[PDB]
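One structure is given here, and the rest of the page talks about it.
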Amino acid sequence: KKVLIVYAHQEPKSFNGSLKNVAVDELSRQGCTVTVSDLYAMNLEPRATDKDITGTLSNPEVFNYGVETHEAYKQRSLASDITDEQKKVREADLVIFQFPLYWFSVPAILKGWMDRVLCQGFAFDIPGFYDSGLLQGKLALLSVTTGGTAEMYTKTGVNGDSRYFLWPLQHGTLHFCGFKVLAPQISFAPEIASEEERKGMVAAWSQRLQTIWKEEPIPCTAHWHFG
Amino acid sequence: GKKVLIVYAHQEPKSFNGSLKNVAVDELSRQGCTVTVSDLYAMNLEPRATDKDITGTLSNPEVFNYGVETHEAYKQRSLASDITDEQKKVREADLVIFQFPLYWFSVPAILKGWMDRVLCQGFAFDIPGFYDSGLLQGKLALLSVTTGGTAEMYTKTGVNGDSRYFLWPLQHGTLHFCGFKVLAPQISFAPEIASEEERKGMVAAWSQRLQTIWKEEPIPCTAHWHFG
Ligand SMILES: Cc1cc2nc3c(=O)[nH]c(=O)nc-3n(C[C@H](O)[C@H](O)[C@H](O)COP(=O)(O)OP(=O)(O)OC[C@H]3O[C@@H](n4cnc5c(N)ncnc54)[C@H](O)[C@@H]3O)c2cc1C
Ligand SMILES: Cc1cc2nc3c(=O)[nH]c(=O)nc-3n(C[C@H](O)[C@H](O)[C@H](O)COP(=O)(O)OP(=O)(O)OC[C@H]3O[C@@H](n4cnc5c(N)ncnc54)[C@H](O)[C@@H]3O)c2cc1C
Ligand SMILES: C[C@@H](c1ccc2nccn2c1)n1nnc2ncc(-c3cnn(C)c3)nc21
Ligand SMILES: C[C@@H](c1ccc2nccn2c1)n1nnc2ncc(-c3cnn(C)c3)nc21
Ligand SMILES: [Zn+2]
Ligand SMILES: [Zn+2]
């Protein structure tokens, strides 16, 4: 089994850093093939621009990013950074995303990865989205840290249920491309939590990774996310 | 004399998004509003949250915490000039319009970068000082979004779910959290699939709405509004 970890934190000693390393350690220990895209260390280009196609653009007078990258994929003309990430995803049976929550979503660097890597022809098609997505057969999993407490992330809480913010990512992106989505790993409020609680959150993540291949995916539906 | 900031995120001036931005500029300018546009792609705005965003001595130089460092940087007036210039535009604005195509049920990463880097602690919010006590209280925000998906795809029964589901992180999680009152979103569904005559109608509808934009009340930005 082959695992891609897409990681988006600036600081290796971070709680996010620890969770990534524990995933590398434990998956490597089981005998999985492990790859890590450390996006900040790669200085990954997040912007969707014409630099993402290498050669003459199909319509040079009026640039349409969606249309041009789809044609570029079919012609094998995408920038090498995109195509290298596409190779890693194509080979991967499981893709883990490790990141701190930025404005109820992924950090922009990781948003850029999503925007640029998962292009038409590679991740989806028409037809070929949701259960018919082109990355069907693969598993995705969001491992997210938050500043907000668990109690803030409830239906009655001030931020709403944590499942509300997962919708664009799990359904809108991952399910749309054909991933089956495993339950998210949410490590609430490591900054506020005690060191002993932090250790428990890391141990729980380690523990889960031991049996990750036997898990069932969630039913990625409106009903799951919104009750 | 009302002041409008348009944060615009499309690569191509002749785009449908471009047209909507220009019509907003034209119509708001015609009313006598002060109009400013942050064209993010033309500015080549840095989207990445890195240590380059602080120009000064870091509170903890051995272990970098972006949140903690940018908060201290704001108080010390030590943020990168691109951040502080956008902060000035927002501080002056009475209304901030965001114009963008929907990218993966959200904003394009360039615009996500603007949100991550501009709306830092001390400027946009504080602890306490968020949601109704946010530091940008008194201001209005409005999302003008285009989609590839049809209106019918963006319903509760539809395959993408209700459009209000994807607005939650943006309107509540970001804008409300900073103290903006949120005006109803402008959603221009599926311009690529629509006929030219339908496209013209969608632009004219946006123009028409902007004529009376100052008499509108904000939505109640609640869980109940988005999910009820
Ligand atoms: C632009 C921006 C937007 C944000 N938006 C949101 C939002 O919308 N909603 C929200 O809830 N939050 C938000 N946050 C907060 C953010 O999600 C948290 O700060 C982040 O998730 C914390 O993760 P971290 O890895 O940086 O924690 P850290 O600060 O790195 O970790 C906390 C502590 O854990 C320690 N640690 C590391 N490894 C271990 C280990 N193995 N065992 C024990 N302890 C360890 C660290 O040394 C540190 O003391 C935002 C932050 C920023 C900068
Ligand atoms: C990375 C990526 C992710 C995406 N994710 C999503 C998603 O999650 N959900 C989703 O629904 N969609 C998604 N899309 C699709 C995207 O949202 C649409 O392609 C976009 O919203 C359409 O806006 P546009 O301005 O690019 O349209 P354009 O292609 O610019 O416009 C369509 C046509 O209108 C014409 N036009 C321009 N101005 C006028 C005018 N004044 N009058 C008449 N005609 C005019 C143009 O010439 C053009 O032929 C994604 C696209 C990309 C590239
Ligand atoms: C940090 C966390 C939070 C907010 C208030 C609070 N009072 C006691 C504990 N608290 C924790 N929080 N909860 N929702 C959030 N949304 C956004 C952010 C945020 C945005 N930028 N940064 C640096 C943090 N922080 C958020
Ligand atoms: C293309 C558009 C779409 C797909 C199917 C369909 N049938 C009738 C109209 N339709 C419109 N669409 N609908 N939801 C989408 N979500 C995402 C994307 C997309 C485009 N580029 N990328 C990278 C994602 N496109 C999307
Ligand atoms: Zn789903
Ligand atoms: Zn709200």
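Chain identifiers are assigned as A, B, and so on, following the order in which chains appear in the structure tokens; residues are numbered from 1 within each chain, and ligands are numbered from 1 in order of appearance.
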So that I can see what lies close to residue A:38, please list as a list in words the residues with an atom at most 8 Å from it, counting only C-alpha atoms and leaving out residues fewer than 4 positions away in the same chain. residues 6, 7, 8, 9 and 42 of chain A
Contacts of residue A:16 at 9 Å (only C-alpha atoms; same-chain gap of 4+ positions) as a ChimeraX atom specification: /A:7-9,11-12,20-21,98-100,143-145
Taking only C-alpha atoms and all ligand atoms into account, which residues are within 9 Å of ligand 5, as a list in words?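 Taking only C-alpha atoms and all ligand atoms into account, the residues around ligand 5 at most 9 Å away are residues 130, 131, 167, 170, 171, 172, 173, 174, 175, 176, 180, 181, 218, 219, 220, 221, 222, 224 and 225 of chain A; 159 and 160 of chain B.
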Kindly save the residues from that selection, with N, CA and C atoms included, as a PDB file, in the first residue's frame.
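Saved to again_15.pdb:
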```pdb
ATOM      1  N   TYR A 130     -17.918  12.730  -8.587  1.00  0.00           N
ATOM      2  CA  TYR A 130     -18.447  12.074  -7.393  1.00  0.00           C
ATOM      3  C   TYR A 130     -18.086  10.576  -7.418  1.00  0.00           C
ATOM      4  N   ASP A 131     -19.041   9.653  -7.364  1.00  0.00           N
ATOM      5  CA  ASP A 131     -18.701   8.221  -7.313  1.00  0.00           C
ATOM      6  C   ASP A 131     -18.002   7.736  -8.608  1.00  0.00           C
ATOM      7  N   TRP A 167     -17.461  20.253   4.607  1.00  0.00           N
ATOM      8  CA  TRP A 167     -18.259  20.042   3.387  1.00  0.00           C
ATOM      9  C   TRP A 167     -17.555  20.403   2.066  1.00  0.00           C
ATOM     10  N   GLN A 170     -14.348  17.771   1.875  1.00  0.00           N
ATOM     11  CA  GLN A 170     -14.655  16.340   1.782  1.00  0.00           C
ATOM     12  C   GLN A 170     -15.578  16.030   0.616  1.00  0.00           C
ATOM     13  N   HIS A 171     -16.655  16.812   0.483  1.00  0.00           N
ATOM     14  CA  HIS A 171     -17.636  16.611  -0.585  1.00  0.00           C
ATOM     15  C   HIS A 171     -17.252  17.366  -1.858  1.00  0.00           C
ATOM     16  N   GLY A 172     -17.137  18.688  -1.734  1.00  0.00           N
ATOM     17  CA  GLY A 172     -16.855  19.562  -2.857  1.00  0.00           C
ATOM     18  C   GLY A 172     -15.574  19.272  -3.629  1.00  0.00           C
ATOM     19  N   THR A 173     -14.537  18.796  -2.933  1.00  0.00           N
ATOM     20  CA  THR A 173     -13.253  18.497  -3.556  1.00  0.00           C
ATOM     21  C   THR A 173     -12.982  16.994  -3.660  1.00  0.00           C
ATOM     22  N   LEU A 174     -12.850  16.330  -2.513  1.00  0.00           N
ATOM     23  CA  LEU A 174     -12.371  14.942  -2.468  1.00  0.00           C
ATOM     24  C   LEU A 174     -13.376  13.943  -3.058  1.00  0.00           C
ATOM     25  N   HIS A 175     -14.630  13.987  -2.588  1.00  0.00           N
ATOM     26  CA  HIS A 175     -15.697  13.136  -3.144  1.00  0.00           C
ATOM     27  C   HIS A 175     -15.913  13.433  -4.626  1.00  0.00           C
ATOM     28  N   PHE A 176     -15.878  14.712  -5.001  1.00  0.00           N
ATOM     29  CA  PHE A 176     -16.060  15.121  -6.396  1.00  0.00           C
ATOM     30  C   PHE A 176     -15.065  14.440  -7.339  1.00  0.00           C
ATOM     31  N   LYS A 180     -13.089   8.009  -1.849  1.00  0.00           N
ATOM     32  CA  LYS A 180     -13.880   7.696  -0.682  1.00  0.00           C
ATOM     33  C   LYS A 180     -13.161   8.384   0.482  1.00  0.00           C
ATOM     34  N   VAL A 181     -13.929   8.954   1.402  1.00  0.00           N
ATOM     35  CA  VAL A 181     -13.381   9.802   2.444  1.00  0.00           C
ATOM     36  C   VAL A 181     -13.463   9.048   3.747  1.00  0.00           C
ATOM     37  N   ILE A 218     -16.639   7.157   5.343  1.00  0.00           N
ATOM     38  CA  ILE A 218     -17.902   7.776   5.722  1.00  0.00           C
ATOM     39  C   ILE A 218     -18.865   7.803   4.525  1.00  0.00           C
ATOM     40  N   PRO A 219     -20.180   7.915   4.795  1.00  0.00           N
ATOM     41  CA  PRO A 219     -21.099   8.264   3.721  1.00  0.00           C
ATOM     42  C   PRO A 219     -21.026   9.777   3.493  1.00  0.00           C
ATOM     43  N   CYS A 220     -20.340  10.187   2.431  1.00  0.00           N
ATOM     44  CA  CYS A 220     -20.079  11.607   2.197  1.00  0.00           C
ATOM     45  C   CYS A 220     -21.311  12.262   1.566  1.00  0.00           C
ATOM     46  N   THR A 221     -22.273  12.601   2.415  1.00  0.00           N
ATOM     47  CA  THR A 221     -23.548  13.147   1.985  1.00  0.00           C
ATOM     48  C   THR A 221     -23.857  14.429   2.723  1.00  0.00           C
ATOM     49  N   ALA A 222     -24.801  15.189   2.168  1.00  0.00           N
ATOM     50  CA  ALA A 222     -25.375  16.342   2.843  1.00  0.00           C
ATOM     51  C   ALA A 222     -25.889  15.969   4.236  1.00  0.00           C
ATOM     52  N   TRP A 224     -24.893  13.541   6.255  1.00  0.00           N
ATOM     53  CA  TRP A 224     -23.779  13.311   7.179  1.00  0.00           C
ATOM     54  C   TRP A 224     -23.227  14.617   7.741  1.00  0.00           C
ATOM     55  N   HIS A 225     -23.089  15.604   6.865  1.00  0.00           N
ATOM     56  CA  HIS A 225     -22.467  16.858   7.235  1.00  0.00           C
ATOM     57  C   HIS A 225     -23.402  17.785   7.994  1.00  0.00           C
TER      58      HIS A 225
ATOM     59  N   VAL B 159     -26.867  17.567  -6.690  1.00  0.00           N
ATOM     60  CA  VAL B 159     -25.661  16.759  -6.487  1.00  0.00           C
ATOM     61  C   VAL B 159     -24.530  17.503  -5.746  1.00  0.00           C
ATOM     62  N   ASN B 160     -24.486  18.834  -5.868  1.00  0.00           N
ATOM     63  CA  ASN B 160     -23.529  19.671  -5.121  1.00  0.00           C
ATOM     64  C   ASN B 160     -24.023  20.197  -3.760  1.00  0.00           C
TER      65      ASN B 160
END
```
Counting only C-alpha atoms, give me one row per residue of chain B with an atom at most 7 Å from an atom of chain A, showing the shortest contact pair and its distance in Å to one decimal, sorted by chain then residue number, as CSV.
```
residue,atom,partner,partner_atom,distance
B:11,CA,A:49,CA,6.8
B:12,CA,A:63,CA,5.8
B:14,CA,A:62,CA,6.9
B:47,CA,A:108,CA,6.1
B:48,CA,A:109,CA,5.5
B:50,CA,A:10,CA,6.9
B:63,CA,A:11,CA,6.7
B:64,CA,A:11,CA,5.8
B:103,CA,A:115,CA,6.8
B:104,CA,A:173,CA,5.5
B:105,CA,A:168,CA,5.1
B:106,CA,A:168,CA,6.9
B:109,CA,A:108,CA,4.9
B:110,CA,A:47,CA,5.6
B:112,CA,A:108,CA,5.2
B:113,CA,A:108,CA,5.1
B:116,CA,A:102,CA,6.8
B:161,CA,A:222,CA,6.6
B:166,CA,A:168,CA,6.0
B:169,CA,A:104,CA,5.2
B:173,CA,A:104,CA,5.6
B:174,CA,A:103,CA,5.6
B:223,CA,A:160,CA,6.8
```
Run DSSP on the backbone and grab whatever in stretch 107-222 of chain A lands in helix (DSSP H, G or I); send it over as a PyMOL selection string. chain A and resi 108-117+130-132+162-175+195-210+212-214+222
Selection to disk with N, CA and C atoms, as a compact mmCIF listing (two decimals), in the first residue's frame:
```txt
# COMPACT_ATOMS: atom_id res chain seq x y z
N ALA A 108 -3.92 28.63 2.26
CA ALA A 108 -3.91 28.96 0.82
C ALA A 108 -2.89 28.16 0.01
N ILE A 109 -1.74 27.87 0.60
CA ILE A 109 -0.74 27.02 -0.07
C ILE A 109 -1.33 25.65 -0.43
N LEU A 110 -2.10 25.08 0.51
CA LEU A 110 -2.77 23.81 0.29
C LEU A 110 -3.97 23.97 -0.64
N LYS A 111 -4.67 25.11 -0.54
CA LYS A 111 -5.72 25.41 -1.50
C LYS A 111 -5.17 25.44 -2.92
N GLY A 112 -3.98 26.01 -3.08
CA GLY A 112 -3.28 26.04 -4.37
C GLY A 112 -2.97 24.66 -4.92
N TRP A 113 -2.48 23.79 -4.05
CA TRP A 113 -2.27 22.39 -4.40
C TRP A 113 -3.55 21.79 -4.97
N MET A 114 -4.67 21.99 -4.26
CA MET A 114 -5.96 21.46 -4.69
C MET A 114 -6.39 22.05 -6.03
N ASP A 115 -6.27 23.38 -6.17
CA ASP A 115 -6.69 24.07 -7.39
C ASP A 115 -5.90 23.62 -8.62
N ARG A 116 -4.58 23.46 -8.44
CA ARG A 116 -3.68 23.24 -9.55
C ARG A 116 -3.45 21.75 -9.88
N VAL A 117 -3.45 20.88 -8.86
CA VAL A 117 -3.14 19.46 -9.07
C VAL A 117 -4.33 18.68 -9.64
N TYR A 130 -17.92 12.73 -8.59
CA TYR A 130 -18.45 12.07 -7.39
C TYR A 130 -18.09 10.58 -7.42
N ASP A 131 -19.04 9.65 -7.36
CA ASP A 131 -18.70 8.22 -7.31
C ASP A 131 -18.00 7.74 -8.61
N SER A 132 -18.24 8.43 -9.74
CA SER A 132 -17.56 8.13 -11.01
C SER A 132 -16.29 8.98 -11.23
N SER A 162 -18.21 21.14 13.52
CA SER A 162 -17.00 20.96 12.71
C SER A 162 -17.30 20.37 11.33
N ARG A 163 -18.33 19.54 11.24
CA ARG A 163 -18.74 18.94 9.96
C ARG A 163 -19.20 19.97 8.93
N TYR A 164 -19.66 21.14 9.37
CA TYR A 164 -20.06 22.20 8.45
C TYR A 164 -18.89 22.68 7.58
N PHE A 165 -17.75 22.96 8.21
CA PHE A 165 -16.57 23.39 7.44
C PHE A 165 -15.90 22.28 6.62
N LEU A 166 -16.15 21.01 6.94
CA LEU A 166 -15.59 19.91 6.15
C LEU A 166 -16.25 19.72 4.78
N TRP A 167 -17.46 20.25 4.61
CA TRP A 167 -18.26 20.04 3.39
C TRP A 167 -17.55 20.40 2.07
N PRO A 168 -17.01 21.64 1.94
CA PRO A 168 -16.29 22.01 0.70
C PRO A 168 -15.08 21.12 0.37
N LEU A 169 -14.39 20.68 1.42
CA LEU A 169 -13.19 19.85 1.30
C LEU A 169 -13.55 18.39 1.00
N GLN A 170 -14.35 17.77 1.88
CA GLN A 170 -14.66 16.34 1.78
C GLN A 170 -15.58 16.03 0.62
N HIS A 171 -16.66 16.81 0.48
CA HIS A 171 -17.64 16.61 -0.59
C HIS A 171 -17.25 17.37 -1.86
N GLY A 172 -17.14 18.69 -1.73
CA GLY A 172 -16.85 19.56 -2.86
C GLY A 172 -15.57 19.27 -3.63
N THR A 173 -14.54 18.80 -2.93
CA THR A 173 -13.25 18.50 -3.56
C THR A 173 -12.98 16.99 -3.66
N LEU A 174 -12.85 16.33 -2.51
CA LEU A 174 -12.37 14.94 -2.47
C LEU A 174 -13.38 13.94 -3.06
N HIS A 175 -14.63 13.99 -2.59
CA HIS A 175 -15.70 13.14 -3.14
C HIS A 175 -15.91 13.43 -4.63
N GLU A 195 -0.14 19.50 27.97
CA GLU A 195 0.86 18.63 27.32
C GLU A 195 0.42 17.16 27.34
N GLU A 196 -0.22 16.76 28.43
CA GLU A 196 -0.73 15.40 28.59
C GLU A 196 -1.89 15.13 27.62
N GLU A 197 -2.78 16.11 27.44
CA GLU A 197 -3.83 16.03 26.42
C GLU A 197 -3.24 15.98 25.00
N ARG A 198 -2.23 16.81 24.75
CA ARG A 198 -1.52 16.81 23.45
C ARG A 198 -0.92 15.44 23.12
N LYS A 199 -0.25 14.84 24.11
CA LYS A 199 0.29 13.48 23.98
C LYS A 199 -0.78 12.45 23.65
N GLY A 200 -1.94 12.58 24.28
CA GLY A 200 -3.10 11.72 24.01
C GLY A 200 -3.61 11.84 22.59
N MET A 201 -3.63 13.07 22.07
CA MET A 201 -4.05 13.34 20.69
C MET A 201 -3.08 12.74 19.67
N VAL A 202 -1.79 12.83 19.95
CA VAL A 202 -0.76 12.20 19.11
C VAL A 202 -0.86 10.67 19.19
N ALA A 203 -0.96 10.13 20.41
CA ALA A 203 -1.11 8.68 20.61
C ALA A 203 -2.35 8.10 19.92
N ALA A 204 -3.45 8.88 19.95
CA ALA A 204 -4.69 8.49 19.27
C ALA A 204 -4.52 8.42 17.76
N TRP A 205 -3.80 9.39 17.20
CA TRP A 205 -3.49 9.42 15.76
C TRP A 205 -2.58 8.25 15.39
N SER A 206 -1.56 8.00 16.21
CA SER A 206 -0.69 6.83 16.03
C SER A 206 -1.48 5.54 16.05
N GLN A 207 -2.34 5.41 17.06
CA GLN A 207 -3.16 4.23 17.26
C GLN A 207 -4.07 3.99 16.06
N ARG A 208 -4.71 5.04 15.57
CA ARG A 208 -5.60 4.93 14.41
C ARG A 208 -4.86 4.46 13.15
N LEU A 209 -3.64 4.93 12.97
CA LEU A 209 -2.89 4.60 11.75
C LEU A 209 -2.53 3.13 11.65
N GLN A 210 -2.44 2.46 12.80
CA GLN A 210 -2.18 1.01 12.85
C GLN A 210 -3.23 0.18 12.12
N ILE A 212 -5.59 1.63 9.88
CA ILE A 212 -6.18 2.55 8.88
C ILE A 212 -6.74 1.83 7.64
N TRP A 213 -6.15 0.70 7.28
CA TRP A 213 -6.52 -0.02 6.06
C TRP A 213 -7.81 -0.85 6.20
N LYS A 214 -8.25 -1.09 7.43
CA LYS A 214 -9.48 -1.85 7.71
C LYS A 214 -10.71 -0.95 7.89
N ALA A 222 -24.80 15.19 2.17
CA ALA A 222 -25.38 16.34 2.84
C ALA A 222 -25.89 15.97 4.24
```
One number please: atom CA of residue B:157 to atom CA of residue B:227, in Å, one decimal. 13.4 Å
In chain B, DSSP strand (DSSP E) residues written as a PyMOL selection string: chain B and resi 3-8+34-39+95-101+140-147+181-182+186-189
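Residues of protein, DNA or RNA lying at most 10 Å from ligand 6, when only C-alpha atoms and all ligand atoms are considered, are residues 158, 159 and 160 of chain A; 131, 132, 168, 169, 170, 171, 172, 173, 174, 175, 176, 177, 178, 179, 180, 181, 182, 219, 220, 221, 222, 223, 224, 225 and 226 of chain B.
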Between atom CA of residue B:8 and atom CA of residue B:217 - distance in Å to one decimal: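 Rounded to one decimal, the two atoms are 23.2 Å apart.
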As a ChimeraX atom specification, please: the residues near residue A:78 (cut-off 6 Å, only C-alpha atoms, same-chain neighbours under 3 positions excluded). /A:52-54,72
Within 8 Å of ligand 3, which residues show up when you count only C-alpha atoms and all ligand atoms? List them as a PyMOL selection string, please. (chain A and resi 102-104+146-149+152+159+189+192) or (chain B and resi 66-68+70-71+116+119-121+125-128+130+173-174+177)
Write a file of the just-selected residues containing C-alpha atoms, as a CSV table (one decimal), in the first residue's frame.
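Here's the written file part_16.csv:
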```
chain,number,residue,atom,x,y,z
A,102,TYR,CA,-7.1,28.6,8.3
A,103,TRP,CA,-10.4,30.5,8.2
A,104,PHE,CA,-12.6,27.4,8.4
A,146,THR,CA,-7.8,24.0,15.2
A,147,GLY,CA,-7.4,26.9,17.5
A,148,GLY,CA,-11.1,26.6,18.4
A,149,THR,CA,-12.2,24.2,21.1
A,152,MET,CA,-17.0,26.0,20.0
A,159,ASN,CA,-18.4,28.3,15.3
A,189,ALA,CA,-7.1,23.3,20.4
A,192,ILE,CA,-4.9,25.6,24.8
B,66,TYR,CA,2.5,32.4,12.1
B,67,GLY,CA,-0.5,33.4,14.2
B,68,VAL,CA,1.5,34.6,17.2
B,70,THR,CA,1.7,38.3,12.8
B,71,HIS,CA,-0.3,39.5,15.8
B,116,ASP,CA,-5.1,34.4,5.5
B,119,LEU,CA,-7.1,39.6,8.3
B,120,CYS,CA,-4.6,39.1,11.1
B,121,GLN,CA,-5.2,39.2,14.8
B,125,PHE,CA,-10.3,40.3,15.3
B,126,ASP,CA,-9.1,39.9,18.8
B,127,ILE,CA,-9.7,37.5,21.8
B,128,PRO,CA,-12.1,38.7,22.9
B,130,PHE,CA,-14.8,38.4,17.2
B,173,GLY,CA,-16.2,31.6,9.5
B,174,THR,CA,-14.3,34.5,7.9
B,177,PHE,CA,-15.9,36.3,12.6
```
